[PDB]
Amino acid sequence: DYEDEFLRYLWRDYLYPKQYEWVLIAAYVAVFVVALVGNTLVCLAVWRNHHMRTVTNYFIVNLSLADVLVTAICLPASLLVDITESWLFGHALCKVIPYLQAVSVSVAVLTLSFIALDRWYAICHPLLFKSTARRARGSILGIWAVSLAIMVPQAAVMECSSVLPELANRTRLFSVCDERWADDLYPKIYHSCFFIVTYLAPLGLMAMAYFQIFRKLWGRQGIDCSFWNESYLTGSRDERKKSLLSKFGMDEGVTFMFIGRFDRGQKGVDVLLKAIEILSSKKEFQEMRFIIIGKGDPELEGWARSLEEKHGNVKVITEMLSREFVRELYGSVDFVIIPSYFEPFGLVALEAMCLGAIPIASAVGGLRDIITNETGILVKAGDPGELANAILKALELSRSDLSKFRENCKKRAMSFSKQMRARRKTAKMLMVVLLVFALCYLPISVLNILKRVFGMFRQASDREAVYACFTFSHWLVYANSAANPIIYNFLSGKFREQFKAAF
């Protein structure tokens, strides 16, 4: 009957110090300083500069503030508890510190969620993208408010235990801090809801969001603007056009080029051929030159070759070409025709535009994104008529200087490529941050959801090994705070510049 209290009476002074305590402390100290100077360096880096004041970076700042809170208040307490197995602070801090722990976790996760949502709208729904600084400094307050509000049961149930309840002998060596609930279903509910709210739902939703983002950004790395450069072409452009046409046995005229595999339902060379057939009449056809390059279906090649034989102003090339020569072609011709059906990337547009060629493309896929007004002509796909009309307009535009137009094409292509690259980078960084977060908060979450709902680690000598895993999980939790600034330092150039500048 009195076995528990007597065994506690015989073993109350039994201390069995862990061999590897100094490795814990060290780690805890490391993580401590690294989390401080790290996260502060983030805050400063955003606060001092004007170019660093992005919504994303404001969120990052909120995250760093939360992690700073954790590092300053919760880390030393956790170290002391994990190393002495006792609560050395007051009865009030017994409620305050774990509360702030929960709140901090909440704020962090929610902040990451707002980042992910922001990028999801930015990438996957450009037209609906709205991210003012007022939305940030206004939703962050919502995050802190909700976090502070929903974590009050944590503060409520925290109590400072000492010895077995209903025991007349209040004698003790040390006290502890743990959760004291009225019922037994209450812990299960609060902790299941805690696990779902602060880990399951947001990391799930964010996984989905970054899945859509990465699926949208896949295969879009841009082009090599070091190769596709007009600087490697000689002479003037009209001289290169005259030379090119003369080489094919043609007189000077407004030159249109096509290049791509011959498809009945993709690259739309058939639409082009039909368009040329449409243009076979009219008084404007002899002012035009057509260069059809590619290889594919025998029928389409026969069609193109027959048109080449029919008209003296149409040249068909089934010959395998070099990248340098294609580059020359883009920097000689006046217009490039991209009559694609579903073109998802549209690299020909970018390259041609980089080399001064003005694109005439079907307004589909990536071509819509790349080509705007003043930077090209857009056409309804699968419609030879509207294509022919666009070609006629291109002819009517060639009666002007067209220099600033080509320059606009260059600027457009370059800026587009750079934007997509930067996008790829930032998305990469945020994904890494999220991943590291998930990994860091995983073990303590499974251990917590096991301990507080599905049974517990409480029976017999199943504790002095569970203790180690628990302390490690805790340290990991605090280690995340030190992890984020390093990630920023290795995956964000501006943060690199700022970190380096701070010393």
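Just count from 1 along the sequence shown to find any residue number.
A summary of the deposited B-factors shows that, of 377-385 and 412-420, the stretch with the larger mean C-alpha value is 377-385. Remark: stretch with higher mean C-alpha B factor among 282-290 and 236-244 is 282-290. Across the options 119, 220, 95, 134, the residue with the most elevated CA B-factor in the record is 134. Among 391, 182, 355, 349, the highest C-alpha B-factor in the deposited entry belongs to 182. Residue 17: CA B factor in the highest third of modelled residues in this chain (values from the PDB entry).
Annotation for residue 42: C-alpha temperature factor in the middle third relative to the rest of the modelled chain, per the entry. In this PDB entry, residue 82 carries a Cα temperature factor that places it within the middle third of its chain's modelled residues. Ranked against the other modelled residues of its chain, the C-alpha B-factor of residue 303 as given in the entry falls in the highest third. Split the chain's modelled residues into thirds by C-alpha temperature factor. Residue 476 is in the lowest one.
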